[PDB]
Structure formats: C-alpha cells, structure tokens
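S.K.: Below you will find the structure I want to go over with you.
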Amino acid sequence: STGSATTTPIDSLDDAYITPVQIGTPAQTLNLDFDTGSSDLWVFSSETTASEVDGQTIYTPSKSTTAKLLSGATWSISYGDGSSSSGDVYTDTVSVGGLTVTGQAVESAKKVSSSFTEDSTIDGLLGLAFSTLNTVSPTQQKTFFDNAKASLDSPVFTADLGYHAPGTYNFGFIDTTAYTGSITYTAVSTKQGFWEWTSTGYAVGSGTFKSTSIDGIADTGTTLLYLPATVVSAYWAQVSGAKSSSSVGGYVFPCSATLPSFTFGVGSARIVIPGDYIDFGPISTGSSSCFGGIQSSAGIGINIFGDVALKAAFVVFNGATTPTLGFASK
C-alpha cells in the first residue's frame with residue numbers, strides 16, 4: 001500500500017505545516033502537525049478542557065463506531081519549545097492520504113498548554129520519530145508509520161515541504177518526479193529516538209565550504225534551523241546589522257537586508273537553503289527588525305534540521321531494518 005497527502009503552511013511564514021488526517025468511523029478529519037521529532041499521535045478532543053479549546057477541530061471518540069478506550073492508558077508530553085499536553089488513549093482507524101491503519105493509538109488531550117490553545121490551525125500532532133519515544137503509559141504505543149510499515153510497498157516516508165506553498169508527505173514510495181539529481185543517503189542513529197544524522201559541513205552564501213561534522217536531527221515539527229553557535233555566528237556575520245538579541249531570544253536582522261543562502265552537506269552532496277527561507281519577518285507587527293531562521297542550538301543540547309532546512313530538500317525517511325535518511329535537491 002501507499003499514501004499521499006498534501007501538507008500546507010499554517011501561515012505566511014511557514015511556522016508549521018498541517019496535513020489532513022481521517023480518524024474514526026465515520027471519518028473525522030483533523031489537521032495534524034506531522035512531527036518527525038516526536039512519536040505521539042495526539043488530538044484536541046471532546047475531552048479537552050473547554051477553556052483550552054479555541055477554534056480547533058476536535059475528535060469525538062463517542063461518535064466513532066471503531067473507537068475503543070485503551071484501558072488504563074495515559075500520556076503526557078513536553079516539547080522542546082516548552083509546550084505540553086496530556087490525556088487518555090483510544091485505538092481507532094486512522095488514514096493519511098489513502099493509507100489506513102486500524103488499531104492506531106489516538107491520544108486524546110484532556111489538557112493542552114497555552115501555545116496549543118492559541119494556535120487554532122493545529123488540531124494535534126502526528127509523530128513520526130521512533131516509537132521508543134512514545135509517551136503512553138503503562139504500555140508504550142506505536143507510531144502511525146511503525147504500524148503501517150509492514151503493509152507499505154517500501155518501508156519509507158518522504159517529506160517534501162514547500163516554501164510559502166503546499167507540499168507533500170508520501171508513505172510507501174519515492175516519487176522520482178519530485179526532486180532533481182540523485183538522492184544522497186546518510187547514516188542514522190536511533191539511539192535517542194530521533195532521525196539523527198551527521199551533516200558533513202556548511203557554506204554561507206557563495207563562500208567556501210567548511211568540512212565539519214554536525215550531528216543533528218531531521219525534525220519536521222521544528223520551524224527553524226538550530227546549529228552550533230560558531231556556525232550561526234559565521235552566517236549572521238554576513239548580514240549587515242544582524243545581531244543576537246537576548247531580549248528577543250535570538251538573532252535578528254534589519255528587514256531591509258538581503259539574506260545570503262546557507263548550504264549544508266549530506267555526504268558529498270550539498271543542499272542550498274535560499275536566503276529568503278531564512279527570513280521570519282518582523283519581530284512584532286510594524287517592526288523593522290526581522291527574526292532570523294538560523295539560530296544557535298547552544299543550550300538546546302542538540303542541533304535541529306527543522307523546516308528551514310528540510311523545505312530546501314526532498315527528504316527520505318527510510319525505515320528499513322537499519323534506518324537511513326536521504327536528501328535530494330528539488
């Protein structure tokens with residue numbers, strides 16, 4: 001089997017991407033944030049504290065004839081950005097782009113943090129990291145991909161995120177028309193539960209490529225590109241007037257600037273992030289100070305190849321017995 005679904009930016013900055021997901025019988029369609037950095041499929045629901053729901057579409061398990069309460073199971077998750085959610089668990093039928101999994105754990109939120117409430121466009125998350133990170137207790141549950149894997153034509157999914165435009169998540173096949181040149185595959189460590197790999201280096205603009213190993217994670221659920229302070233300083237040094245602002249919380253730059261591209265290595269291959277992908281707009285409405293899309297990972301504890309990086313590529317998440325990651329230009 002295969003599936004194919006369009007993923008759509010939630011706003012004009014590509015702060016996140018939402019993908020429609022059918023849950024239950026009859027289907028209840030929710031727009032979920034596909035997150036290769038976590039491993040829970042959780043949703044706003046009829047059980048969510050009412051004051052914490054503000055415009056989201058909810059899953060109502062009592063209206064699904066295939067929903068079953070997973071007795072005694074609870075979940076609770078905290079994300080790198082400080083947000084969190086928790087609740088109980090149902091199993092139900094879940095379909096993405098025509099690919100159906102029966103018995104999928106659907107984690108129903110009883111509580112969500114303010115950042116989730118305040119984002120009316122995201123109805124929940126669909127985790128696509130390794131199932132070892134799933135938070136369901138006392139019996140850990142499998143991701144949608146893990147459940148689908150054996151049935152797929154090939155045990156893979158691909159992320160093709162757009163810049164200021166829709167893109168595609170495919171399951172079970174590689175669309176050879178969706179990229180240029182070849183896909184370069186690179187080793188993955190699953191030791192921390194992530195799609196963790198090592199970039200071979202970087203360049204700023206038309207500058208010389210610096211060969212250096214950068215361990216990090218391919219994370220569709222993180223907006224920006226978080227890299228070591230040395231790398232980030234070298235990038236922003238090429239933007240006149242750019243500076244790190246502790247009050248704002250990272251590098252800012254004059255909105256009048258033209259940003260240089262940023263290149264990262266994948267083996268001997270090179271992925272080029274155009275400068276415009278690195279612009280996240282005014283820090284506050286009407287400001288002429290703009291927020292940068294490349295930021296320091298210092299104090300995160302890990303480098304993160306988030307959407308800024310991934311949307312410059314066609315990315316293969318190869319869930320073979322020994323997982324790997326593939327990157328192509330597009």
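Simple scheme: letters A, B, ... for chains in structure tokens order, numbers from 1 for residues in each chain, numbers from 1 for ligands in the order shown.
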Show me, as a PyMOL selection string, the residues that have an atom within 7 Å of residue 185 in chain A when counting only C-alpha atoms, minus same-chain residues fewer than 4 positions from it.
M.R.: chain A and resi 324-327
S.K.: Can I get the selected residues back with C-alpha atoms, as a CSV table (one decimal), in the first residue's frame?
M.R.:
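In the end it all went to again-v2.csv:
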chain,number,residue,atom,x,y,z
A,324,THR,CA,18.8,5.9,6.9
A,325,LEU,CA,17.9,9.4,5.6
A,326,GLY,CA,18.0,10.6,2.1
A,327,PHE,CA,18.3,14.2,0.8
S.K.: Can you list, as a PyMOL selection string, every protein, DNA or RNA residue that comes within 8 Å of residue 181 in chain A when you count only C-alpha atoms, leaving out same-chain residues fewer than 2 positions away?
M.R.: chain A and resi 179+183+328-329
S.K.: How many Å lie between CA of residue 155 in chain A and CA of residue 321 in chain A, rounded to one decimal?
M.R.: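 If I compute the distance from CA of residue 155 in chain A to CA of residue 321 in chain A, I get 9.0 Å.
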S.K.: Calculated over only C-alpha atoms, which of the candidates A:178, A:248, A:269, A:225 has the smallest distance to residue 316 in chain A?
M.R.: A:178
S.K.: Within 8 Å of residue 70 in chain A, counting only C-alpha atoms, which residues show up once you throw out same-chain ones fewer than 6 positions away? Write them as a PDB file with N, CA, C and O atoms, in the first residue's frame, please.
M.R.:
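Heads up, here's the output in selection_39.pdb:
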ATOM      1  N   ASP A  88      -5.820  10.799  27.808  1.00  0.00           N
ATOM      2  CA  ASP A  88      -6.025   9.359  27.781  1.00  0.00           C
ATOM      3  C   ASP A  88      -5.939   8.866  26.335  1.00  0.00           C
ATOM      4  O   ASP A  88      -5.550   9.622  25.443  1.00  0.00           O
ATOM      5  N   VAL A  89      -6.254   7.602  26.093  1.00  0.00           N
ATOM      6  CA  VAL A  89      -5.915   6.978  24.818  1.00  0.00           C
ATOM      7  C   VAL A  89      -7.048   6.110  24.312  1.00  0.00           C
ATOM      8  O   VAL A  89      -7.623   5.318  25.072  1.00  0.00           O
ATOM      9  N   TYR A  90      -7.322   6.248  23.014  1.00  0.00           N
ATOM     10  CA  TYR A  90      -8.223   5.361  22.302  1.00  0.00           C
ATOM     11  C   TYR A  90      -7.427   4.651  21.227  1.00  0.00           C
ATOM     12  O   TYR A  90      -6.374   5.137  20.810  1.00  0.00           O
ATOM     13  N   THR A  91      -7.915   3.505  20.768  1.00  0.00           N
ATOM     14  CA  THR A  91      -7.485   2.993  19.472  1.00  0.00           C
ATOM     15  C   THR A  91      -8.605   3.234  18.469  1.00  0.00           C
ATOM     16  O   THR A  91      -9.784   3.180  18.813  1.00  0.00           O
TER      17      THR A  91
END
S.K.: Please identify every residue of range 266-316 of chain A that has at least one atom no farther than 9 Å from an atom of range 14-27 of chain A, counting only C-alpha atoms, and for each give the shortest atom pair and the distance in Å to one decimal, arranged by chain then increasing number, as CSV.
M.R.:
residue,atom,partner,partner_atom,distance
A:280,CA,A:15,CA,8.5
A:307,CA,A:16,CA,7.9
A:308,CA,A:14,CA,8.8
S.K.: Keeping N, CA, C and O atoms for every residue in the selection just given, could you write it to a file as an mmCIF file, in the first residue's frame?
M.R.:
data_model
loop_
_atom_site.group_PDB
_atom_site.id
_atom_site.type_symbol
_atom_site.label_atom_id
_atom_site.label_comp_id
_atom_site.auth_asym_id
_atom_site.auth_seq_id
_atom_site.Cartn_x
_atom_site.Cartn_y
_atom_site.Cartn_z
ATOM 1 N N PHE A 280 12.104 35.320 8.850
ATOM 2 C CA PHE A 280 10.863 35.057 9.584
ATOM 3 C C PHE A 280 10.126 36.313 9.990
ATOM 4 O O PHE A 280 9.267 36.265 10.850
ATOM 5 N N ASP A 307 12.312 22.897 9.686
ATOM 6 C CA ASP A 307 11.678 23.139 8.399
ATOM 7 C C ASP A 307 12.494 24.036 7.473
ATOM 8 O O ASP A 307 12.470 23.832 6.271
ATOM 9 N N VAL A 308 13.161 25.057 8.016
ATOM 10 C CA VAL A 308 14.017 25.920 7.210
ATOM 11 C C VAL A 308 14.962 25.096 6.339
ATOM 12 O O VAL A 308 15.163 25.438 5.176
#
S.K.: Rank nothing, just name the residue among A:10, A:217, A:101, A:237 nearest to residue 148 in chain A, using only C-alpha atoms.
M.R.: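 Residue with the minimum atom-to-atom distance to residue 148 in chain A: A:101.
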S.K.: For a quick check of understanding, using only C-alpha atoms, which of A:98, A:323, A:169, A:317 has the smallest distance to residue 156 in chain A?
M.R.: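 Ranking A:98, A:323, A:169, A:317 by distance to residue 156 in chain A, first place goes to A:317.
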S.K.: For residue 172 in chain A, work out the shell of residues within 8 Å, counting only C-alpha atoms and skipping chain neighbours fewer than 6 positions away, then give it as a PDB file with N, CA, C and O atoms, in the first residue's frame.
M.R.:
ATOM      1  N   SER A   1       0.856  -1.212   0.000  1.00  0.00           N
ATOM      2  CA  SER A   1       0.000   0.000   0.000  1.00  0.00           C
ATOM      3  C   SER A   1       0.873   1.237   0.000  1.00  0.00           C
ATOM      4  O   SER A   1       2.076   1.161   0.264  1.00  0.00           O
ATOM      5  N   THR A   2       0.243   2.366  -0.297  1.00  0.00           N
ATOM      6  CA  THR A   2       0.872   3.680  -0.215  1.00  0.00           C
ATOM      7  C   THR A   2      -0.150   4.706   0.258  1.00  0.00           C
ATOM      8  O   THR A   2      -1.357   4.454   0.255  1.00  0.00           O
ATOM      9  N   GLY A   3       0.347   5.872   0.661  1.00  0.00           N
ATOM     10  CA  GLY A   3      -0.483   7.038   0.910  1.00  0.00           C
ATOM     11  C   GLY A   3       0.220   8.300   0.433  1.00  0.00           C
ATOM     12  O   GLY A   3       1.446   8.340   0.340  1.00  0.00           O
ATOM     13  N   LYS A 149       4.113   0.216   8.430  1.00  0.00           N
ATOM     14  CA  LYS A 149       5.360  -0.132   7.737  1.00  0.00           C
ATOM     15  C   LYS A 149       5.313  -1.453   6.975  1.00  0.00           C
ATOM     16  O   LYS A 149       5.685  -1.521   5.801  1.00  0.00           O
ATOM     17  N   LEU A 152       3.310  -1.301   3.707  1.00  0.00           N
ATOM     18  CA  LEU A 152       3.762  -0.374   2.677  1.00  0.00           C
ATOM     19  C   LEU A 152       4.551  -1.079   1.574  1.00  0.00           C
ATOM     20  O   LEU A 152       5.258  -2.066   1.813  1.00  0.00           O
ATOM     21  N   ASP A 153       4.471  -0.540   0.361  1.00  0.00           N
ATOM     22  CA  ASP A 153       5.233  -1.113  -0.760  1.00  0.00           C
ATOM     23  C   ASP A 153       6.737  -1.088  -0.449  1.00  0.00           C
ATOM     24  O   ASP A 153       7.465  -2.028  -0.799  1.00  0.00           O
ATOM     25  N   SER A 154       7.194  -0.011   0.184  1.00  0.00           N
ATOM     26  CA  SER A 154       8.573   0.129   0.654  1.00  0.00           C
ATOM     27  C   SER A 154       8.472   0.809   2.021  1.00  0.00           C
ATOM     28  O   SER A 154       7.603   1.672   2.209  1.00  0.00           O
ATOM     29  N   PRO A 155       9.330   0.427   2.990  1.00  0.00           N
ATOM     30  CA  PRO A 155       9.167   0.922   4.365  1.00  0.00           C
ATOM     31  C   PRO A 155       9.760   2.316   4.559  1.00  0.00           C
ATOM     32  O   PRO A 155      10.720   2.496   5.315  1.00  0.00           O
ATOM     33  N   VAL A 156       9.159   3.291   3.886  1.00  0.00           N
ATOM     34  CA  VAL A 156       9.680   4.647   3.838  1.00  0.00           C
ATOM     35  C   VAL A 156       8.540   5.650   3.896  1.00  0.00           C
ATOM     36  O   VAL A 156       7.395   5.342   3.546  1.00  0.00           O
ATOM     37  N   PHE A 157       8.874   6.872   4.290  1.00  0.00           N
ATOM     38  CA  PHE A 157       8.020   8.010   4.009  1.00  0.00           C
ATOM     39  C   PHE A 157       8.895   9.163   3.570  1.00  0.00           C
ATOM     40  O   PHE A 157      10.092   9.156   3.839  1.00  0.00           O
TER      41      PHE A 157
END
